[PDB]
Amino acid sequence: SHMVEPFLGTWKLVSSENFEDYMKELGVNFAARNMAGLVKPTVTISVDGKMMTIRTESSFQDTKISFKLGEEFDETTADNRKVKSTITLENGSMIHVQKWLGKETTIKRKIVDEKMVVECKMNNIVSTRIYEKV
Ligand SMILES: CCCCCCCCCCCCCC(=O)O
């Protein structure tokens, strides 16, 4: 397994653009939007054989997912949506699709200059979050 290797590690958020409207588009209630909005999460990406784990830790939230690449799985998101998630590697990006209630959002991560640039998109609203390797 070579294609995941650049994303393996511990990443700490350092910048965020338009996260408020992305969450607004997602339906996150306004109280939760300021819990998520004023915090810098640490995201940990790891592999244990067949299995990948992506842990997100906050002051507030401490959620994580485990999955095999390209195998849909059930996920409860931090805002309590019950989604169907599929995570692939495509063109050197890691792509996470969530589908729920006939809605979809995607989270794309790519390594640029040793930083992890994460693009969150729903319905033409885009948020860009950039993490630094710890
Ligand atoms: C626990 C407080 C509620 C937070 C709700 C927003 C989370 C929904 C999806 C956020 C995905 C951010 C992805 C990332 O930057 O790694």
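Here, residue 1 is simply the first one shown, and the rest follow in order.
When the header is checked for method, it gives X-ray crystallography, 2.0 Å.
Quick reminder: no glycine exception, Cβ is built from N, Cα and C everywhere.
Every protein chain considered, the tally of other Cβ atoms within 10 Å of the Cβ of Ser15 (phosphoserine) stands at 12. Mapped onto three states, the DSSP output places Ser15 (phosphoserine) in strand. Annotation source Swiss-Prot lists phosphoserine at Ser15 (among others), citing similarity to another entry.
Taken from Swiss-Prot, the feature phosphoserine covers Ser16 (among others).
The phosphoserine annotation in Swiss-Prot covers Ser46 (among others). Counting every protein chain shown, the number of other Cβ atoms lying within 10 Å of the Cβ of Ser46 (phosphoserine) is 16.
Long-range Cβ proximity for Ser93 (phosphoserine), meaning a same-chain Cβ under 8 A and a gap of 6 or more residues, is found for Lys108, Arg109, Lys110. Sequence annotations record features per position, and here Swiss-Prot assigns phosphoserine to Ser93 (among others).
Cα of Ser15 (phosphoserine) to Cα of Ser46 (phosphoserine): a distance of 22 Å. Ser16 (phosphoserine) and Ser46 (phosphoserine) are 23 Å apart (CA-CA, integer value).
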